[PDB]
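Novice: Model the structure of this input:
(chains A, B, C, D, E, F, G, H and I)
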Amino acid sequence: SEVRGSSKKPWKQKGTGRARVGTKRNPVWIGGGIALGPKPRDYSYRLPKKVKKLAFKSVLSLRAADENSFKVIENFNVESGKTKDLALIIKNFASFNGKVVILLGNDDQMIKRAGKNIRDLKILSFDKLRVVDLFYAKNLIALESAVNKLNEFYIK
Amino acid sequence: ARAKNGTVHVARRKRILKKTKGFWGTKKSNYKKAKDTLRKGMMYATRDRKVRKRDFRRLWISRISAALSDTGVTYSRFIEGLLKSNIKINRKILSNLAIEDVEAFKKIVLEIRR
Amino acid sequence: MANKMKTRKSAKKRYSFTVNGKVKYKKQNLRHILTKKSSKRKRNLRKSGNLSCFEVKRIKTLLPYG
RNA sequence: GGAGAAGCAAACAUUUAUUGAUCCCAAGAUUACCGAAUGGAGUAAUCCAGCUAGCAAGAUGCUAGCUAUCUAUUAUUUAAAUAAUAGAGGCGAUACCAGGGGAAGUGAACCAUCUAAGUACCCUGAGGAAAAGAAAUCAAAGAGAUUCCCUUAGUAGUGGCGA
RNA sequence: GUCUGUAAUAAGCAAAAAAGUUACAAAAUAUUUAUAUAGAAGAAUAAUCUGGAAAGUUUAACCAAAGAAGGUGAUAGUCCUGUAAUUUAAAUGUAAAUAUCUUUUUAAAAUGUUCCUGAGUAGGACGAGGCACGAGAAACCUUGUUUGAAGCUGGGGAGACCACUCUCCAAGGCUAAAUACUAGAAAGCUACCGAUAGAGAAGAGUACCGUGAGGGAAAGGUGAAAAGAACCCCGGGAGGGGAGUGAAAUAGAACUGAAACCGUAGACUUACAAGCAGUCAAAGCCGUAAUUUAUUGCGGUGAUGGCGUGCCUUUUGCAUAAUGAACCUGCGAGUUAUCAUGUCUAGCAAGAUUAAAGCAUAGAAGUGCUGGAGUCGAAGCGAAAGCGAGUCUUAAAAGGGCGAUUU
RNA sequence: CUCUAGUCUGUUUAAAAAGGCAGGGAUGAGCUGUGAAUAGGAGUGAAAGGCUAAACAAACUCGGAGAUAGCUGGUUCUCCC
RNA sequence: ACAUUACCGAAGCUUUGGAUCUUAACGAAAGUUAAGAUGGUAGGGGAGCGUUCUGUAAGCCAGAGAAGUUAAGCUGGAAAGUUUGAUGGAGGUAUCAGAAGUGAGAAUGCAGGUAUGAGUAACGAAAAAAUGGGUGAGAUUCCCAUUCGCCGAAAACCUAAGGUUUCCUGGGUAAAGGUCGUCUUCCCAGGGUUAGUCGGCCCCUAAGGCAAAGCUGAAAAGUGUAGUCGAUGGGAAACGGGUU
RNA sequence: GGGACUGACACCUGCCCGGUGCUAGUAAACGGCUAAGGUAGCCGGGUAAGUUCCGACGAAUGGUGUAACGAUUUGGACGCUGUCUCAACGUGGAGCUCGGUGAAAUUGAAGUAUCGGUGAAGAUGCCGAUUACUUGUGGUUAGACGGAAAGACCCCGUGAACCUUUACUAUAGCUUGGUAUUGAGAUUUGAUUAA
RNA sequence: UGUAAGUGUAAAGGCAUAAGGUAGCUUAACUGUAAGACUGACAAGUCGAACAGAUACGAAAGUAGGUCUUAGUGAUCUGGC
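Specialist: Residues are numbered from 1 along each chain as shown, chains lettered A, B, ... in the order given. The protein structure is shown below:
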């Protein structure tokens, strides 16, 4: 019904010697419509908050189980906002040549906009975590501010 | 999300054509005729695999019966004496014996006639 | 909410559900000519009954919410 | 904005551009004829004029500027008649809104009630939103204009109590 | 305040408040690094190896508010254009704010008598429509044909109607925002498409068909660069063969170039035979590997023997002379959105769960909170009132119906 | 110059209704050029259920519309119970 | 026909090798044994292969040769899977998990290419061609010449209705002309239509159309007077000859 | 002027008002012939041999005759003929061969023989038996239940469309009454209410 | 002779203790109900001891919830009393 064209029967029902047909844009015909094709749809849904919380606890435990890949660094800040300094800090810590996720205890805009450009880096605040990033992160670097805020964030 | 890549049908057809190499006429190249002839051929292959046993046993029996035509022992009686004297040799073995080494088979027959 | 399944009103007005599955209903033949019908027949027709277990699945389809 | 440019692609030989081009943007000028087309008429892109100005204007010459109609407001005895300004004509959105007209294919395994459905479509109006909008209201709760959502809820009722 | 002169009040003038988004109307500038419509700046690579070509291999850096996306001879953060964060406004357009300007009040708290407070209107009769509500007990509103009121000591409404009571005050006219819509403009995104796809259209409603209304196709790709094959030979040319360009000319108007179809060459078999063309056995010939070498295998052909009624769909039943296909290659059908119910998985638990929507950060159509209005369980029975582990049928637990105390 | 009884060719024809032979009308209810009027549940019809752009027991185009079908056809990879 | 001893004869039975499932036993379990049980449409349940995209993946594998057909060989119980070559010259992709435009042999299916009939029917009217010469690479089909034949109230000439360069000169033969072609209404370039007396325009009206006003209708309009348009009609003017 | 009916002309055109139309009547109305029972009229010859032909239902949806007329139907006679016994020859366009150009429908394929049988019940594909060197061309269609047209006939589908009716249900139009448009007079026909 | 007669009404199965016939009394031709079943897709249909109230008949025990049994019938919706 949405392909351009007329809805006239291309030829008579009987007597022509051809296969019966109703409209030119028949899904069978070339250039016609498409039967049972894709239509716009809402893929989003919201999980129960308890399940989401339990998943967060589980992934954090799974990451912290390993001593080397999970590390904690004393609070700092990049007051200059440059990228050299942050990159130096990562390349001092991280070892597994891959995704690195930094956890923060606040919204330190300087660090965030200093790290927005590193190669394989993801900066996350404590209250805005993402399970995919945590789960696939091969190096996980947290501040002790982030540790404390996570403690009262998820103890409740 | 269109999922079209047609590297499948050519694969099926290539395997079929590979197995249908020596067939007559258009049955060796066309997809439809090759598939029809191959599928009936495989069923024939199964049936015939079971039939080959019957065919070969029939051949062995006929060969034994031919090798005994000389003497006066009809091979029903030969099988008779064979079992009765407790010689558990095989139809294939006897058939091959009558060709490779006729005198051993003849001695077996002399021994059966008892 | 675009497509909530509609109940079958003519069935709602005649069927009722018990707590664990059975369906309650009012018996027929006590609506009309009644002089000829025997008294014990009428007394049994007055009291309500339960349907056979063979209709319960279809009825549960007819009354999607009740 | 700065070194090329002569459209959308180069070719062939001609110029321009550092005297700031080409190009982009803003504004202005020019802006044939048809077309709501409106001086009349007409087979749309074209014949026929009325009046005024200039072409030696002139014997069916050319150019420029006016004369269409409706409604509101008055210059008058707003009807008649001209005059004066003001607002409209048509197109665009194979979208939205308001008003008017309003089916049929179907379902009810028929059909005539009903359903589909104020649906499609037609017509009249404007807007950027429209319509509606500040209670002689909701409604038995104490609220307080209109409209749009989540719930109430497939509930209350209605229906050849059939769908 | 009919005129003059007094107690006694109006018409103007000090003093203030608003106003082109309704609320009076018509503007005009300055002014706002506000915005729309042209722009500017803009970071950080050398060597080596393969190769025609490096951006790639490898060894070491540097930048990053810029590792968004393209082009660059093979795969670029640092080659070019752009990108982050900033930022060009003479002129034009759109916005507020400030005065100017315009307009208004140049007064209010205060008791009872009279005036008005919206008229063919409210309502009723008949015929219709809209309200979820089809005349049904059918309110109420609009409304065609008729009839027809009260004047706050009032009237309308409270789903027939009556009484009381509680609310409201019509028959005058405006009103932004939240809301619908995107033909399009700019900036972006995609578990969206990659030439039978995607808009019909990568070239367009064109070619073509019909008197007209109208209907409506098919056709993308050389090479990194034309650097388009100088010249020579055959030929009228076309075209091909050489010589050159190029990494390649079975890259020469075209990339990768299959199947259907048409061929050439070599090997084997076939002209005494009745083969759904196949399978099971099998001599000879040819190719090939082993075993000292002509007998066993991998192979291709195959005389001869045995068995065997193509396939699909439809029927009690088909090789059927029932149906369908020229072949080949592409395209071509149980999906999505919600509700009911069952099961599985995950989580909580006599509780479980938020919807709309808001805030914060980000620009990253997220996901972390806020938000409990509502729904499903926790008590059912009875038409209902109502009663409750009991309830209804009944004077009766007197017997049963539906429950439960064992969720 | 206008019409088509009878017969034949043709009938995957030259022609989606002709041609080869013939016949009727041929000063009149005549033929014909050039304009105009009558449009779909309507028109027109010296009247056969004819015609109305080669198809008319209700024209054509677009839209409703992907109308409804108890009817027919089709429905694609594998294995195990 | 009646007796004696047999044999052949099925995917049955028995035996050998291997696999799955149910039950039972053993074993910590994995599994190892015993028993039996597995024809199968409709239809029910369960277990997998393969395709595309997404996260894993700023990962890994590629110009020292990706993807794709393509020859041969090999593995898996089936869907199938991956090694060596030729061709190809630029992107694919492990594991895990998710999502479908997720798998074609047919619907008198759609689209495209190519067989078949078949080098067969036709090559379009029973008006008829023949010779010589010229042009040209090439002539039964072009041009020229001489004969013959056909139409001749035409198959001739001059103007409409229509077509719109098809007209003339020169050059050329991809296609197209039912064959061939030096030729064409084919293609390319250039050239070509001169009006006071012709036909229109114009001044008039037939049928007809529009139509202020008036009248009638939900709208849109329908009727219709005064007027204005509407030729195949009626109205000023020319004939002969020559030239490209 | 409109509609219906009949159909030059000639002789005739009768009976019936129950039913149905029209305004008790009307039939040159629909129709019939108990309402009324239909009035007039409508073997022989031909051939040796003749199911043909010629001569001995129904009255204005007309009956019975009729000169002339007719690309109308049927019978007979004369003349004429290849229509026939009976075919042969000749002419012209195709067909045949070669050269150039070059289709169509159909098409699961095919190293597709026949007879007697069996079988979704008419066999190219099965059984038995028989026949047959391989491959073309020119002829003819017996078969391949040939090709072409989802059989037009039959039947089915709670199919579709059209038409008819004293089928059902609405309605244009027509018609009647009341009311608004719509006033004033005169008079007695009454009803009702009391006096 | 021993049910072939007769059992409102068709036929069958039954009826001597008669369910046949006669006579007296009488209205159980009841209300609320019901353990447990047959027949059955469902909806329906049929038998039913026994309990409470009110009786009828009989001295009482008991019987009586129509007709010897097996056909004499019609859902739902709507409307009336």
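Novice: Would you mind confirming that residue C:21 is in contact with residue C:56?
Specialist: Yes: with contact defined as C-beta atoms under 8 Å, residue C:21 reaches residue C:56; the gap is 6.5 Å. All C-beta spots, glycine's among them, are computed from the backbone N, C-alpha and C.
Novice: quick one: which of these two has more around it?
Specialist: residue C:56 (16 against 9; other C-beta atoms under 10 Å in any protein chain shown).
Novice: Please determine how far the more buried one is located from residue C:11.
Specialist: For residue C:56, the distance to residue C:11 equals 13 Å [C-beta to C-beta, to the nearest Å].
Novice: what sits against residue A:139?
Specialist: Counting by C-beta atoms under 8 Å, 6 or more residues apart in numbering or on different chains, residue A:139 makes contact with A:69, A:71, A:93, A:94, A:95, A:96, A:98, A:99, A:100, A:101.
Novice: Kindly write the PyMOL command that selects the buried subset of the residues you listed.
Specialist: Entered in PyMOL, the line below selects the buried ones among those, by 16 or more other C-beta atoms under 10 Å in any protein chain shown:
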select buried, chain A and resi 69+94+99+100+101
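Novice: quick one: which of the contacts of residue A:139 sit in helices?
Specialist: With helices defined by DSSP state H, the entries of the contacts of residue A:139 inside them are residue A:93.
Novice: closest to RNA strand D among the contacts of residue A:139?
Specialist: residue A:101 (36.6 Å; C-beta to the nearest atom of the strand).
Novice: As CSV, the contacts of residue A:139 with distance to RNA strand G would be great.
Specialist: Supplementary listing: the contacts of residue A:139 in CSV, determined by distance: C-beta to the nearest atom of the strand, whole Å:
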residue, distance to RNA strand G
A:69, 13
A:71, 18
A:93, 17
A:94, 12
A:95, 14
A:96, 9
A:98, 5
A:99, 6
A:100, 10
A:101, 12
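Novice: Keep only the contacts of residue A:139 that also lie close to RNA strand E.
Specialist: For RNA strand E, no contacts are drawn from the contacts of residue A:139 by C-beta under 7 Å from any atom of the strand.
Novice: and which of the contacts of residue A:139 is nearest residue A:29?
Specialist: Closest approach to residue A:29 among the contacts of residue A:139 (C-beta to C-beta): residue A:99, at 49.6 Å.
Novice: Quick check: phi and psi on that closest one?
Specialist: Torsion angles at residue A:99 (phi, psi; degrees, to the nearest 10) stand at phi -70, psi 130.
Novice: what do you get for residue B:41?
Specialist: Dihedral angles of residue B:41 (phi, psi; degrees, to the nearest 10) stand at phi -70, psi -40.
Novice: The closest residue to residue B:68 other than its chain neighbours - how many residues pack around it?
Specialist: Distances taken as C-beta to C-beta, 6 or more residues apart in numbering or on different chains put residue B:75 closest to residue B:68, at 5.0 Å, once the chain neighbours are dropped. For residue B:75, the number of neighbouring residues by other C-beta under 10 Å comes to 20.
Novice: State the number of residues packed around the residue nearest to residue B:99 when sequence neighbours are not counted.
Specialist: Setting aside the residues directly before and after it, residue B:99 is nearest to residue B:63 in space (C-beta to C-beta, 6+ apart), at 7.6 Å. Look at residue B:63: counted by other C-beta under 10 Å, it has 17 neighbours.
Novice: Is residue B:63 within a helix or a strand, and which one?
Specialist: Applying DSSP states H and E as the criterion places residue B:63 in helix B:31-67.
Novice: Tell me the buried residues in the helix or strand just after that helix?
Specialist: Downstream of helix B:31-67, the next assigned helix or strand under DSSP H and E is helix B:75-84. By neighbour count with 16+ other C-beta under 10 Å, helix B:75-84 contains the buried residues B:75, B:78, B:79, B:81, B:82.
Novice: This completes my enquiry, with thanks.
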